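Structure first, commentary second.
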Amino acid sequence: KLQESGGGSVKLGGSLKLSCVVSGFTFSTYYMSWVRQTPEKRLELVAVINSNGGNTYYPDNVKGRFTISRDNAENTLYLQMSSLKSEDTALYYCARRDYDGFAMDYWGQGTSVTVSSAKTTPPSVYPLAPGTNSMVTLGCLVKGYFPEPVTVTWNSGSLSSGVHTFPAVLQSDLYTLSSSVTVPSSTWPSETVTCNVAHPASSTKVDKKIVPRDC
Amino acid sequence: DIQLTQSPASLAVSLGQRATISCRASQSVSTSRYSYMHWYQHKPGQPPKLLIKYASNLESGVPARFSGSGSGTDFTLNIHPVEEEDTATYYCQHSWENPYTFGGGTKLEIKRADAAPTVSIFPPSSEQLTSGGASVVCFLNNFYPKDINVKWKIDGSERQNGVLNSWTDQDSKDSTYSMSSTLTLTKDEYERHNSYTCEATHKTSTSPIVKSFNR
Amino acid sequence: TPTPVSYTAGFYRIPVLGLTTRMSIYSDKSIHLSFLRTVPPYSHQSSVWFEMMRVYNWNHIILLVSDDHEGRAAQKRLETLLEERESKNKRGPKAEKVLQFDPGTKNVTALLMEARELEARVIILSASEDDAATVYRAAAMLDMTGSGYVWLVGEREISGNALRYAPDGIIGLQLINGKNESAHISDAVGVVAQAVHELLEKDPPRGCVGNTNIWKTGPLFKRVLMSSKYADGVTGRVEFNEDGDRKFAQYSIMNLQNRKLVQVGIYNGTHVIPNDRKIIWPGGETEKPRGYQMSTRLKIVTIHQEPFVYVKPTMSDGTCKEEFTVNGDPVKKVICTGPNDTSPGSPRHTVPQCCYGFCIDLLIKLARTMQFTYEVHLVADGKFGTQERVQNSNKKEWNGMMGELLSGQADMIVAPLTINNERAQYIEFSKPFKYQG
Amino acid sequence: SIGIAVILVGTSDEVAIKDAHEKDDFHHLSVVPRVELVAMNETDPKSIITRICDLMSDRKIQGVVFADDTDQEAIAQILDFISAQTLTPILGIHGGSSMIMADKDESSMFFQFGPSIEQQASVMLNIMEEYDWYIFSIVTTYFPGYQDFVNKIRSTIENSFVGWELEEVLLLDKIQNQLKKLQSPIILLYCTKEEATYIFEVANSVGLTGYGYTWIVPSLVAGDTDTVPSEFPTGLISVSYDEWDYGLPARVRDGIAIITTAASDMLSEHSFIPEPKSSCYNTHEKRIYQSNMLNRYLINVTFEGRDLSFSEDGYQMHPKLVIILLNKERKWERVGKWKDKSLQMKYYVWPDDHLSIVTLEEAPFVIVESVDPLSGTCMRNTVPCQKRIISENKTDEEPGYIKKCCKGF
Amino acid sequence: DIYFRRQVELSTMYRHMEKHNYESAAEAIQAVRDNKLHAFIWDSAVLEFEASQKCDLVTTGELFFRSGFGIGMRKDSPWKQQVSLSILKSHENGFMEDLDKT
């Protein structure tokens with residue numbers, strides 16, 4: 001249906017062109033708008049544009065900050081952000097297609113934009129694996145890096161098994177997290193696994209095997 | 001502008017019960033023939049899909065257990081029956097002469113499966129000490145409700161400082177919430193203690209569930 | 001329904017006959033001038049239900065009106081039908097309570113809760129079949145599908161969306177089956193043939209080209225078509241009236257039998273003829289129950305008026321003070337649930353107070369006499385209540401005690417009942433207990 | 001640019017349309033309201049519908065503001081059949097494009113100019129309470145909105161102090177006998193103006209036109225004041241629309257101002273202009289949206305003080321009406337001006353038995369009474385008693401026009 | 001109020017009654033004791049009982065109206081039976097006079 005993209009890490013006052021791909025419909029038969037969803041569960045509706053762009057609307061904070069544009073051939077209308085601040089750290093979606101129809105009906109999975117002035121860094125991942133082995137937990141500590149979002153999957157994306165990814169506290173603007181899965185102790189005192197601590201905003205994919213400290 | 005107020009923000013009901021989801025406005029948003037609103041749903045990992053139009057009008061094939069009504073400033077929704085698949089993130093968005101105000105946002109819990117979870121405890125490893133931190137990891141996935149009281153203890157000392165939380169959604173296959181935790185220390189305090197333990201209170205645990213390990 | 005095709009005919013006026021539709025908006029003689037119909041709109045079954053009294057001698061009904069022109073017009077037709085019994089046992093239709101249907105597209109329980117109280121074993125209405133299917137499970141949850149509850153719906157039930165259905169045994173009707181298109185066409189051909197046999201007693205314009213004048217001979221042909229009686233159609237004698245109105249004086253009566261419309265009988269001119277094969281009821285009965293069960297709870301409203309009523313504040317335990325008479329006998333107390341009204345406006349307390357005076361002991365003696373049970377209330381208005389005009393609706397409405405009793409919200413009233421013509425016009429009265437001036 | 005269309009069937013006054021256009025002072029413009037058409041002396045409504053398809057082929061049209069120099073409510077019914085069906089909001093200021101009589105659709109968007117029939121009846125109550133006359137009959141033909149009309153008038157009479165106690169209604173859906181049945185010094189009537197010639201012939205046959213009785217009609221059957229039938233009697237007063245000062249460049253500028261203000265709310269608050277349509281049947285796939293397309297900004301508009309709020313009657317809520325009197329030469333002569341619930345004074349021509357009466361205040365035989373300002377100025381059983389305005393003796397001391405009410409022995 | 005609205009002669013005083021209308025009977029009871037009000041119109045029984053109980057209050061004339069007190073019943077109620085007959089029975093033993101003695 002739809003895919004909002006073009007996100008990533010950006011500094012305070014920086015620039016970023018957000019992308020919004022049309023997937024499977026004609027594009028100039030309705031009205032467009034764009035929303036941003038905060039991690040604090042607040043709707044930041046960005047802007048309104050027309051199918052010819054003849055009706056561009058911003059709210060007051062978007063006035064003087066952000067810019068909307070059209071790509072009518074590729075059907076991927078863009079939002080060009082500028083003078084970004086920390087309240088713009090949010091997920092970002094789109095909202096369209098009520099067919100006059102002056103509401104909006106199609107929202108997507110979207111992308112994430114974060115606005116912080118810290119330095120992007122690859123993380124330090126170190127395994128958590130007990131050794132009896134009465135109660136076991138196949139985890140890892142990921143600590144001292146930047147930025148969010150964080151995608152920790154296990155065994156190269158083949159094990160779902162209730163992954164529990166952490167929110168952050170920020171020690172010297174390089175935050176720390178953790179990650180933890182438990183398989184039972186009947187199948188793992190020995191069967192070593194890998195772990196994909198993939199941070200897309202850091203653009204890294206590290207590989208750390210989960211080896212037990214004791215037997 | 002007309003403002004939307006929704007209650008209860010953390011809805012916890014049982015299945016089969018006619019669950020009432022109220023929405024109160026600050027001004028009448030209707031006329032004789034129609035009204036401007038749209039009520040909808042999504043999972044937090046899912047794209048938003050439209051559910052209810054203008055006060056009540058149904059979209060594509062939602063289960064018809066949901067039945068929304070209300071007019072003027074009041075708006076309701078009857079979920080009869082409730083399914084286990086309703087752990088959703090949702091509200092309605094005000095559109096009456098202003099398609100910009102959005103609802104307060106209520107969240108879904110399911111009062112069905114109260115349980116006591118299995119707890120796994122492991123202090124960090126030796127290769128984990130190269131990062132400088134020390135995270136004693138926890139794990140819990142069989143319990144209701146979501147927000148629990150997590151305590152930690154190191155040789156009798158209360159160590160609520162530096163406690164990381166991870167509350168995830170309740171499983172749609174189990175209706176039980178899931179949580180993992182870490183106790184973030186430094187690398188010097190790890191080589192002086194051995195007993196690192198967590199505590200956690202639920203509905204089926206009058207006493208906090210304590211699990212101790214000897215490092 | 002091709003509406004503008006009909007609407008174009010209203011300028012170069014053409015006698016038109018309607019084949020299919022039973023919509024009551026086409027009966028409007030202001031715009032739909034010469035638009036006759038082979039089938040009457042659905043208000044004819046209100047006349048069928050006015051025939052249904054003194055079929056089994058039935059005398060109580062509570063109605064639900066679709067908030068639309070259809071239900072309002074059917075209500076007007078049955079209201080004009082109920083203006084009878086001008087002689088010269090008085091067991092005719094007397095319950096006659098009206099509620100509203102169309103806002104029950106979501107919730108009907110506020111109406112059904114009132115419906116289950118007021119001694120109803122009655123049929124109610126025809127409705128939209130979707131909300132009819134909602135009230136079929138709603139009233140079954142409220143247990144209105146019982147044995148004594150007589151149920152009849154009408155024409156829109158027969159549609160397939162009403163199959164969340166109708167407890168087994170509920171009467172349907174078929175007035176005009178009529179859907180032989182040979183019988184639809186050729187009977188109209190005979191009607192217009194008998195018409196033109198008098199239209200030969202000695203020209204419309206060229207359609208929609210410049211001339212917009214009304215062909216007056218069309219409306220002059222309307223009075224001749226007010227005489228074209230065709231007594232020998234395929235559907236029998238074809239009749240008419242001023243606005244459509246086939247006047248088919250026959251129907252056929254069926255009820256459900258495990259969702260099978262098993263025919264119970266027919267109608268013939270003036271004879272409702274039951275081909276009595278099987279009599280089914282929603283509780284699986286075979287009798288013909290009627291009336292209701294008479295209740296015994298009476299909630300009497302009043303205002304504080306010494307020395308008839310002595311509203312007094314109760315003690316800390318909720319009971320009254322054990323006060324005596326002049327001979328040491330205690331005054332009989334009744335915990336009277338008043339309104340909020342411990343202060344003018346809306347006080348936070350809504351406290352049941354005490355009750356002494358004339359009418360308290362009088363009502364206690366009357367309850368011991370008539371041997372019935374007992375409830376109490378006080379009026380929140382505090383006024384006797386006049387027929388004050390409601391603003392911007394030109395309707396004069398009573399207040400006070402008559403704001404509750406004429407609204408049906410209250411039972412019988414003991415009061416300082418000052419008697420006039422209007423209160424006797426709306427409230428039936430006993431003989432004067434205490435003569436006054 | 002916003003394609004709008006104006007046509008007045010009959011006029012030749014394009015320079016007034018250019019003066020109403022006047023596109024230089026428009027500092028506050030939306031997308032440009034282009035408007036151009038040509039007139040055609042044709043009453044064929046199917047030709048009008050093919051011209052609607054012609055405007056949709058011209059691809060710019062969304063709504064029109066047009067009229068005709070006839071009195072045909074049938075085309076207003078046609079508008080209710082068609083333009084109220086599809087999309088079209090239409091405002092019409094002339095004659096039958098102003099006179100709406102049959103109904104208003106519930107899914108409608110168009111609107112015709114003029115006040116409500118009960119509002120006009122309220123104007124008649126105002127002027128007849130000024131002249132202290134009382135209707136003691138009523139004759140009325142069959143017309144849409146008649147039972148509620150007589151119910152509203154009678155229910156207004158029931159709340160008053162001095163009312164019109166009459167001789168209840170003779171609905172005319174023995175004509176000379178039925179018109180000889182009711183009698184009144186002042187008679188309130190309604191009849192269709194095409195039938196009113198025959199009805200006034202019957203009234204002349206029964207002599208009701210010759211008894212010194214005055215007849216008051218509403219404006220909708222008081223159609224255009226330049227042609228009166230001879231059987232229409234003399235001395236008839238009526239309240240009507242401003243035919244004297246409200247012409248073409250006022251009405252076209254008012255329509256274009258209402259349309260552009262509805263635009264400059266609809267494309268500004270919501271930043272959403274609707275799309276113009278191309279077909280007259282195949283455009284249905286997007287005009288199914290009985291939706292946010294339905295205008296709320298249409299019912300509340302003012303421009304340079306001239307308000308326009310209108311209810312669901314097809315009539316506005318702030319009308320400006322004049323009161324005209326039919327002379328003996330079949331001439332409608334303006335005698336009074338009715339602004340919003342107020343009257344004007346200048347030409348109170350109130351009209352032998354007429355005898356002058358003088359008196360002096362001596363108790364208890366005389367006025368001990370003021371005039372109540374609100375509820376029936378002379379209250380009950382009290383003749384209005386005019387008094388000379390004793391002013392400064394350089395202007396004229398006005399006889400009358402400060403009044404009291406005489407009770408006394 | 002309906003009686004004086006119906007009488008066109010009493011319409012002159014009816015506007016003064018509109019000027020000084022009252023919500024409850026206790027207001028008109030206290031107001032003549034505070035001498036703001038000079039007259040209050042009411043049914044005879046309450047006025048005789050209050051003049052007998054409270055002093056400084058007397059009634060001046062006679063029966064300006066003549067009426068009685070009934071029982072309110074919704075129309076065609078089956079309990080219109082025997083209610084006036086029970087009134088006659090309370091008349092038969094003088095039970096109304098026992099209530100007056102009470």
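Going through the structure tokens in order, the chains are called A, B, and so on, while each chain numbers its residues from 1 and the ligands are numbered from 1 in the order shown.
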
- request: Within stretch 63-106 of chain B, find each residue whose DSSP state, derived from the backbone, is strand (DSSP E or B), and express the selection as JSON, numbers by chain.
  value: {"B": [66, 67, 68, 69, 74, 75, 76, 77, 78, 79, 89, 90, 92, 93, 94, 102, 106]}

Create the file for the chosen residues now, containing N, CA and C atoms and written as a PDB file, in the first residue's frame.
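Ended up saving to part11.pdb:
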ATOM      1  N   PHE B  66     -17.049  -4.631  17.451  1.00  0.00           N
ATOM      2  CA  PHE B  66     -16.926  -3.209  17.724  1.00  0.00           C
ATOM      3  C   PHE B  66     -18.141  -2.468  17.187  1.00  0.00           C
ATOM      4  N   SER B  67     -18.750  -1.647  18.040  1.00  0.00           N
ATOM      5  CA  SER B  67     -19.923  -0.868  17.649  1.00  0.00           C
ATOM      6  C   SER B  67     -19.822   0.486  18.345  1.00  0.00           C
ATOM      7  N   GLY B  68     -19.438   1.505  17.585  1.00  0.00           N
ATOM      8  CA  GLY B  68     -19.265   2.843  18.110  1.00  0.00           C
ATOM      9  C   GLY B  68     -20.499   3.702  17.904  1.00  0.00           C
ATOM     10  N   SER B  69     -20.723   4.614  18.841  1.00  0.00           N
ATOM     11  CA  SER B  69     -21.855   5.525  18.771  1.00  0.00           C
ATOM     12  C   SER B  69     -21.464   6.820  19.474  1.00  0.00           C
ATOM     13  N   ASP B  74     -20.202  13.617  23.297  1.00  0.00           N
ATOM     14  CA  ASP B  74     -19.940  12.259  23.751  1.00  0.00           C
ATOM     15  C   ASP B  74     -19.758  11.321  22.566  1.00  0.00           C
ATOM     16  N   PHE B  75     -18.891  10.330  22.737  1.00  0.00           N
ATOM     17  CA  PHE B  75     -18.675   9.277  21.758  1.00  0.00           C
ATOM     18  C   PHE B  75     -18.299   8.004  22.495  1.00  0.00           C
ATOM     19  N   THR B  76     -18.890   6.891  22.083  1.00  0.00           N
ATOM     20  CA  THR B  76     -18.664   5.626  22.757  1.00  0.00           C
ATOM     21  C   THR B  76     -18.230   4.576  21.745  1.00  0.00           C
ATOM     22  N   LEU B  77     -17.917   3.392  22.260  1.00  0.00           N
ATOM     23  CA  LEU B  77     -17.655   2.223  21.432  1.00  0.00           C
ATOM     24  C   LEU B  77     -17.976   0.989  22.255  1.00  0.00           C
ATOM     25  N   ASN B  78     -18.858   0.140  21.738  1.00  0.00           N
ATOM     26  CA  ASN B  78     -19.220  -1.110  22.390  1.00  0.00           C
ATOM     27  C   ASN B  78     -18.447  -2.242  21.728  1.00  0.00           C
ATOM     28  N   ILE B  79     -17.557  -2.878  22.486  1.00  0.00           N
ATOM     29  CA  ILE B  79     -16.873  -4.085  22.036  1.00  0.00           C
ATOM     30  C   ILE B  79     -17.626  -5.266  22.633  1.00  0.00           C
ATOM     31  N   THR B  89      -3.391  -0.067  19.840  1.00  0.00           N
ATOM     32  CA  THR B  89      -3.060   1.338  20.054  1.00  0.00           C
ATOM     33  C   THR B  89      -3.911   2.177  19.109  1.00  0.00           C
ATOM     34  N   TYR B  90      -4.623   3.162  19.651  1.00  0.00           N
ATOM     35  CA  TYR B  90      -5.773   3.697  18.932  1.00  0.00           C
ATOM     36  C   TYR B  90      -6.316   4.923  19.645  1.00  0.00           C
ATOM     37  N   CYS B  92      -9.552   8.248  18.262  1.00  0.00           N
ATOM     38  CA  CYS B  92     -10.200   8.917  17.146  1.00  0.00           C
ATOM     39  C   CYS B  92      -9.606  10.305  16.977  1.00  0.00           C
ATOM     40  N   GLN B  93      -9.707  10.834  15.762  1.00  0.00           N
ATOM     41  CA  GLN B  93      -9.174  12.146  15.436  1.00  0.00           C
ATOM     42  C   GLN B  93     -10.314  13.099  15.115  1.00  0.00           C
ATOM     43  N   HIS B  94     -10.312  14.247  15.785  1.00  0.00           N
ATOM     44  CA  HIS B  94     -11.317  15.271  15.557  1.00  0.00           C
ATOM     45  C   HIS B  94     -11.118  15.913  14.192  1.00  0.00           C
ATOM     46  N   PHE B 102      -6.367  15.525  17.615  1.00  0.00           N
ATOM     47  CA  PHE B 102      -6.426  14.080  17.752  1.00  0.00           C
ATOM     48  C   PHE B 102      -6.787  13.721  19.189  1.00  0.00           C
ATOM     49  N   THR B 106      -6.458   5.825  24.327  1.00  0.00           N
ATOM     50  CA  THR B 106      -6.601   4.796  25.342  1.00  0.00           C
ATOM     51  C   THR B 106      -5.897   3.521  24.896  1.00  0.00           C
TER      52      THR B 106
END

- prompt: Which residues come within 9 Å of residue C:241, counting only C-alpha atoms, excluding same-chain residues fewer than 5 positions away, as a list in words?
  reply: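 So, after excluding close chain neighbours, the residues are residues 36, 226, 246 and 247 of chain C.
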
Would you save the residues of that selection, restricted to N, CA and C atoms, as a PDB file, in the first residue's frame?
ATOM      1  N   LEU C  36     -50.707   7.467  -9.530  1.00  0.00           N
ATOM      2  CA  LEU C  36     -51.433   6.389  -8.881  1.00  0.00           C
ATOM      3  C   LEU C  36     -50.504   5.204  -8.635  1.00  0.00           C
ATOM      4  N   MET C 226     -60.636   9.141 -11.991  1.00  0.00           N
ATOM      5  CA  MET C 226     -61.354   8.966 -10.736  1.00  0.00           C
ATOM      6  C   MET C 226     -62.704   8.284 -10.932  1.00  0.00           C
ATOM      7  N   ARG C 246     -55.053   1.025  -4.294  1.00  0.00           N
ATOM      8  CA  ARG C 246     -55.634  -0.155  -4.935  1.00  0.00           C
ATOM      9  C   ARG C 246     -56.912  -0.665  -4.267  1.00  0.00           C
ATOM     10  N   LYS C 247     -56.950  -0.606  -2.929  1.00  0.00           N
ATOM     11  CA  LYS C 247     -58.067  -1.043  -2.083  1.00  0.00           C
ATOM     12  C   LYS C 247     -58.337  -2.535  -2.285  1.00  0.00           C
TER      13      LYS C 247
END

Which residues of chain C sit at most 12 Å from chain B, using only C-alpha atoms? Give each one's shortest atom pair and distance in Å (one decimal place), in chain and ascending residue order, as CSV.
residue,atom,partner,partner_atom,distance
C:103,CA,B:69,CA,10.5
C:104,CA,B:69,CA,10.7
C:105,CA,B:69,CA,9.2
C:106,CA,B:69,CA,6.7
C:107,CA,B:69,CA,8.8

- prompt: What's the 12 Å shell around residue A:40, counting only C-alpha atoms, without same-chain residues fewer than 6 positions away, as a list in words?
  reply: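 The contact residues come out as residues 87, 88, 89, 90 and 91 of chain A; 104 and 105 of chain B.
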
Those residues you just picked out, can you put them in a file as a short mmCIF file (atom, residue, chain, number, x, y, z; two decimals), in the first residue's frame with N, CA, C and O atoms?
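Result written to out-v4.cif:
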data_model
loop_
_atom_site.label_atom_id
_atom_site.label_comp_id
_atom_site.auth_asym_id
_atom_site.auth_seq_id
_atom_site.Cartn_x
_atom_site.Cartn_y
_atom_site.Cartn_z
N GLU A 87 12.03 18.07 19.66
CA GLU A 87 10.64 17.64 19.63
C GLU A 87 10.28 16.98 18.31
O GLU A 87 9.26 16.28 18.25
N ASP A 88 11.08 17.17 17.27
CA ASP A 88 10.88 16.50 16.00
C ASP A 88 11.43 15.08 15.98
O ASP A 88 11.27 14.38 14.97
N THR A 89 12.07 14.64 17.07
CA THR A 89 12.47 13.24 17.22
C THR A 89 11.21 12.39 17.37
O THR A 89 10.56 12.42 18.42
N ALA A 90 10.87 11.66 16.31
CA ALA A 90 9.60 10.96 16.24
C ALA A 90 9.67 9.93 15.12
O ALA A 90 10.55 9.98 14.26
N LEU A 91 8.71 9.00 15.13
CA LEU A 91 8.39 8.25 13.93
C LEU A 91 7.65 9.17 12.96
O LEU A 91 7.23 10.27 13.32
N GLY B 104 -7.13 11.68 22.97
CA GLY B 104 -6.21 11.46 24.08
C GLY B 104 -5.48 10.14 24.00
O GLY B 104 -4.30 10.05 24.35
N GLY B 105 -6.17 9.09 23.54
CA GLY B 105 -5.53 7.82 23.32
C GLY B 105 -5.65 6.86 24.49
O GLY B 105 -5.02 7.06 25.53
#

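Going from atom CA of residue D:40 to atom CA of residue D:13 covers 13.2 Å.
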
task: Quick one: everything within 12 Å of residue A:194, counting only C-alpha atoms, minus sequence neighbours fewer than 5 positions away in the same chain. Send it as a PyMOL selection string.
output: chain A and resi 125-129+138-140+152-159+181+205-211

Write the residues of the preceding selection, restricted to N, CA, C and O atoms, as a compact mmCIF listing (two decimals), in the first residue's frame.
# COMPACT_ATOMS: atom_id res chain seq x y z
N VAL A 125 29.01 -4.85 22.36
CA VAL A 125 28.11 -5.94 22.71
C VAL A 125 28.91 -7.07 23.34
O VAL A 125 29.93 -7.50 22.79
N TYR A 126 28.46 -7.53 24.51
CA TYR A 126 29.13 -8.58 25.26
C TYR A 126 28.11 -9.55 25.83
O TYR A 126 27.11 -9.12 26.42
N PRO A 127 28.33 -10.86 25.70
CA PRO A 127 27.26 -11.83 25.91
C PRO A 127 26.94 -12.09 27.37
O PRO A 127 27.78 -11.96 28.26
N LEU A 128 25.68 -12.47 27.61
CA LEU A 128 25.19 -12.89 28.92
C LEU A 128 24.72 -14.33 28.79
O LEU A 128 23.66 -14.60 28.21
N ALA A 129 25.50 -15.26 29.33
CA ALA A 129 25.18 -16.68 29.23
C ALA A 129 25.64 -17.41 30.49
O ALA A 129 26.84 -17.45 30.78
N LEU A 138 19.83 -16.19 27.75
CA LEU A 138 20.74 -16.02 26.61
C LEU A 138 20.64 -14.56 26.20
O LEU A 138 19.80 -14.17 25.39
N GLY A 139 21.49 -13.72 26.79
CA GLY A 139 21.40 -12.29 26.64
C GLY A 139 22.71 -11.67 26.20
O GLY A 139 23.69 -12.36 25.91
N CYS A 140 22.70 -10.33 26.16
CA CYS A 140 23.88 -9.55 25.83
C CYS A 140 23.69 -8.13 26.35
O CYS A 140 22.56 -7.62 26.37
N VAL A 152 17.48 -5.42 17.76
CA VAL A 152 18.21 -6.60 18.21
C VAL A 152 17.35 -7.83 17.91
O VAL A 152 16.34 -8.06 18.57
N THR A 153 17.76 -8.61 16.92
CA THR A 153 17.20 -9.92 16.67
C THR A 153 18.25 -10.97 17.00
O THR A 153 19.43 -10.67 17.18
N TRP A 154 17.81 -12.22 17.09
CA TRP A 154 18.66 -13.30 17.56
C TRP A 154 18.64 -14.44 16.56
O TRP A 154 17.60 -14.74 15.96
N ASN A 155 19.81 -15.07 16.41
CA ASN A 155 20.06 -16.16 15.46
C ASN A 155 19.71 -15.75 14.03
O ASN A 155 19.05 -16.49 13.29
N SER A 156 20.15 -14.54 13.67
CA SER A 156 20.04 -13.96 12.32
C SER A 156 18.59 -13.84 11.85
O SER A 156 18.28 -14.04 10.68
N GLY A 157 17.70 -13.51 12.78
CA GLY A 157 16.31 -13.28 12.46
C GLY A 157 15.45 -14.52 12.34
O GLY A 157 14.34 -14.43 11.79
N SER A 158 15.91 -15.67 12.83
CA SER A 158 15.13 -16.89 12.77
C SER A 158 14.44 -17.23 14.09
O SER A 158 13.50 -18.03 14.09
N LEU A 159 14.89 -16.64 15.19
CA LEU A 159 14.32 -16.87 16.51
C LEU A 159 13.58 -15.61 16.96
O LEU A 159 14.21 -14.56 17.16
N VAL A 181 17.02 -13.13 25.79
CA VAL A 181 16.14 -14.22 25.38
C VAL A 181 16.44 -15.39 26.31
O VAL A 181 17.58 -15.56 26.73
N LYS A 205 25.95 -3.53 12.05
CA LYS A 205 25.43 -4.88 12.25
C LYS A 205 26.55 -5.71 12.87
O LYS A 205 27.36 -6.30 12.14
N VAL A 206 26.60 -5.76 14.19
CA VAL A 206 27.67 -6.47 14.88
C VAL A 206 27.23 -7.90 15.14
O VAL A 206 26.04 -8.23 15.16
N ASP A 207 28.21 -8.77 15.34
CA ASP A 207 27.98 -10.20 15.54
C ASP A 207 28.73 -10.64 16.79
O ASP A 207 29.96 -10.57 16.83
N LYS A 208 27.99 -11.09 17.80
CA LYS A 208 28.57 -11.54 19.05
C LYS A 208 27.96 -12.88 19.44
O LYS A 208 26.74 -12.99 19.60
N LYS A 209 28.81 -13.89 19.59
CA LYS A 209 28.37 -15.21 19.99
C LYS A 209 28.10 -15.22 21.49
O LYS A 209 28.76 -14.51 22.25
N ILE A 210 27.11 -16.01 21.90
CA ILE A 210 26.67 -16.04 23.30
C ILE A 210 27.29 -17.29 23.92
O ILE A 210 26.72 -18.38 23.89
N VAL A 211 28.47 -17.12 24.51
CA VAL A 211 29.24 -18.21 25.09
C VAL A 211 29.09 -18.17 26.61
O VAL A 211 29.08 -17.08 27.21

Chain D residues near chain C (12 Å cut-off, only C-alpha atoms) as a PyMOL selection string: chain D and resi 40-50+70+72-75+77-85+101-103+141-146+148-159+173

message: Contacts from chain D to chain E, 10 Å maximum, only C-alpha atoms: show me the residue list as number ranges by chain.
response: D: 161, 379-381

field: Near-residue A:97 list (9 Å; only C-alpha atoms; drop same-chain fewer than 2 positions) as a ChimeraX atom specification
entry: /A:27,29-32,95,99-106

Take the residues that were just selected and, keeping C-alpha atoms, output them as a tab-separated table (two decimals), in the first residue's frame.
chain	number	residue	atom	x	y	z
A	27	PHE	CA	-1.60	9.35	-6.98
A	29	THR	CA	-6.99	11.63	-7.15
A	30	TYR	CA	-7.08	12.67	-3.48
A	31	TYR	CA	-5.33	14.82	-0.87
A	32	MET	CA	-2.05	14.28	0.98
A	95	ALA	CA	-2.13	10.08	5.65
A	99	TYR	CA	-11.24	10.50	-2.53
A	100	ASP	CA	-12.86	13.95	-1.89
A	101	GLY	CA	-13.24	12.79	0.88
A	102	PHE	CA	-11.58	15.51	2.94
A	103	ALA	CA	-10.33	13.10	5.59
A	104	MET	CA	-7.32	10.77	5.46
A	105	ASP	CA	-7.34	6.99	5.45
A	106	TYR	CA	-3.96	5.37	4.67

Residues within 12 Å of residue E:82, only C-alpha atoms, excluding chain neighbours under 3 positions, as number ranges by chain: C: 366, 369-370, 430-431; E: 77-79, 85-90

Restricting it to C-alpha atoms, dump the selection as an mmCIF file, in the first residue's frame.
data_model
loop_
_atom_site.group_PDB
_atom_site.id
_atom_site.type_symbol
_atom_site.label_atom_id
_atom_site.label_comp_id
_atom_site.auth_asym_id
_atom_site.auth_seq_id
_atom_site.Cartn_x
_atom_site.Cartn_y
_atom_site.Cartn_z
ATOM 1 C CA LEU C 366 -56.764 2.707 51.098
ATOM 2 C CA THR C 369 -58.789 -1.565 51.672
ATOM 3 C CA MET C 370 -57.911 -2.330 48.047
ATOM 4 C CA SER C 430 -62.628 10.164 41.066
ATOM 5 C CA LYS C 431 -65.453 11.849 42.922
ATOM 6 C CA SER E 77 -57.286 2.561 34.497
ATOM 7 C CA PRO E 78 -59.071 -0.475 36.003
ATOM 8 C CA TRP E 79 -58.671 1.056 39.472
ATOM 9 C CA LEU E 85 -66.884 3.947 46.709
ATOM 10 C CA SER E 86 -64.111 3.805 49.305
ATOM 11 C CA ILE E 87 -64.512 7.568 49.652
ATOM 12 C CA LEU E 88 -68.190 6.852 50.340
ATOM 13 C CA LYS E 89 -67.159 4.156 52.831
ATOM 14 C CA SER E 90 -64.862 6.599 54.629
#

query: Got a sec: who's within 9 Å of residue D:193, counting only C-alpha atoms, leaving out chain neighbours fewer than 4 positions off, as a VMD selection string?
result: chain D and resid 197 220 to 223

task: Report as a count of residues only the set of chain B residues whose atoms approach chain D to within 12 Å, with distances computed over only C-alpha atoms.
output: 19

message: What are the residues of chain C lining chain E at 7 Å or less? Count only C-alpha atoms, and put the answer as a PyMOL selection string.
response: chain C and resi 358+412-414+416-419+427-437

- request: Record the distance separating atom CA of residue E:35 and atom CA of residue C:307, expressed in Å with one decimal.
  value: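 Between these atoms lies a distance of 24.3 Å.
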